[PDB]
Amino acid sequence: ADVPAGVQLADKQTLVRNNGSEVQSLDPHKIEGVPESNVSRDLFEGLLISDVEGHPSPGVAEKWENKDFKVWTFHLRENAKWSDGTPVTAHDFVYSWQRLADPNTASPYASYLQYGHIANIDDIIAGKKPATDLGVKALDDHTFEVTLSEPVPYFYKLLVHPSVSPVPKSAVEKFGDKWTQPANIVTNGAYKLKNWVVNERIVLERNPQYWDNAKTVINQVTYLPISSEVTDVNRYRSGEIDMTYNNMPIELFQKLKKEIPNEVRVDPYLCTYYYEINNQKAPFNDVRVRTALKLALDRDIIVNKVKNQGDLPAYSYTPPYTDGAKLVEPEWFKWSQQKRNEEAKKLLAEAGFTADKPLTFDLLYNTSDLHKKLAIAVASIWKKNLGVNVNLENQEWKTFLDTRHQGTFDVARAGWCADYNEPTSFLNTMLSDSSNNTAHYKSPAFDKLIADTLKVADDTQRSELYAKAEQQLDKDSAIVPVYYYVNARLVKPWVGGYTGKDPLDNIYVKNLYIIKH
């Protein structure tokens, strides 16, 4: 942390953060969510990290170069160490990205190496080539070189993501899936794992071996797994919680706005809230059905009347304020709701849905006040605007992700947040073979538009193809865009260092500090 001149610090430097839910795991190769990444950033540090405002900055790599945006050489700082005191080296990285590529890891983020276009990743995911063939090599203990199959100018921006964080081979190999237990884990970020009580708390303690330890100020941070936004606000206002999770409850937000204005942080956020449709299951494999639901959902009601927390009605997957996005707002978004509603009902009648045999299906969401309340209004809206019947189902975060990967669903509440600030961070997740593709959407035309983005060396060219890829996605009604999020959470007046300027919300506890109160 960079403490401002003259701020007086508290004696006690401890932080309690709500984290939305029980993390799927602490293994960087086994995770895919915001809660998983919150804790990962404090424990495992990659090549680059986001600074306090989100800019890609030095992590384990102190400086790097590229040759034609295809061969990237990372110079690793020499004092980078793990919590057992042993050096962090380029060999750590080679082993880790290899472990991520390997199909026997079954990482949900295995496709991240495709997104970066590391050489040979497609045959490695496919089983055609062993993982040791990945285009990565340690030139020496402090020099890691990456070779891509094509120029990727924004490549280094991908490197702040948890999936490309180093994992310590000797803990993984001797303890298997128990490597992340506190007695077995070894970490290289600012913190170390002190305690892990499933559905109770995760307690991190400062890691003295961390290379930038001298600037770390919080000595201990606890991550809570509270999925009730009401309860998180409640324990924040009671004094137990210092920073809530950034999901706000409908029951209390307006009141909070009026009661504690200074503590309500409302900032730009590159996430999109959508109802993810299972594109390979009947009757959702019929574009008419999918378009009816997209059009009959009333964004003005959901976003401005029922949520009203500063979100913006959405008409696409990629957020339009993403760096490099110049999106075409479709015609249906400008229509009246009644015109959307008529159109939606017409397509369903063409799909053969009658009043005697209505369209009835499930709507899966992750346990949450916010999502339950939005789910009930959507159900109602869809019921009165289109005549469809919806059955609401909640699941704990972990089970919920796993249901969506399984394809054991109809429609599911979803949210995708950028991993790096560029449109492919969203668009790559819809590629036919993406490991992130829980929509189970396969469009050859969609795939080709995105494959062409790196065959041109023009920004305008590349934004126009992103724009066309969003239109293809909208043409197929792959999803139901609801709103672009804002980052809204409560932060105690004494928490210094949360600027609200990173649009990915990549917060590190090593950059925070408690002001004396």
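Numbers follow the displayed sequence, beginning with 1. Each form is matched to the other, and the largest set of C-alpha atoms that superpose within 1.5 Å is called the rigid core.
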State which stretch is farther from the displayed form on average in 9 other deposited structures of this protein, 431-439 or 153-161, counting RMS CA distance after fitting on the rigid core.
431-439
Line up the rigid core: which moves more in 9 other deposited structures of this protein, 321-329 or 113-121, by C-alpha RMS?
321-329
Which is higher in the entry, the mean Cα B factor of 208-216 or that of 301-309?
301-309
Mean C-alpha B-factor higher for 106-114, or for 343-351?
343-351
For the listed residues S227, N437, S425, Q406, which one has the largest C-alpha B-factor as given in the deposited model?
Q406
Which is it among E78, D92, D323, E276: the one with the largest CA B-factor in the entry?
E78
In terms of the CA temperature factor given in the entry, to which third of its chain does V71 belong: lowest, middle or highest?
middle
CA B-factor placement of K169, once the chain's modelled residues are sorted into thirds:
highest
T14: which third of its chain by C-alpha temperature factor?
middle
Considering every modelled residue of the chain and its Cα B-factor in the PDB entry, is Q471 in the lowest, middle or highest third?
middle
Chain-wide C-alpha B factor ranking for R462, given as lowest, middle or highest third
highest
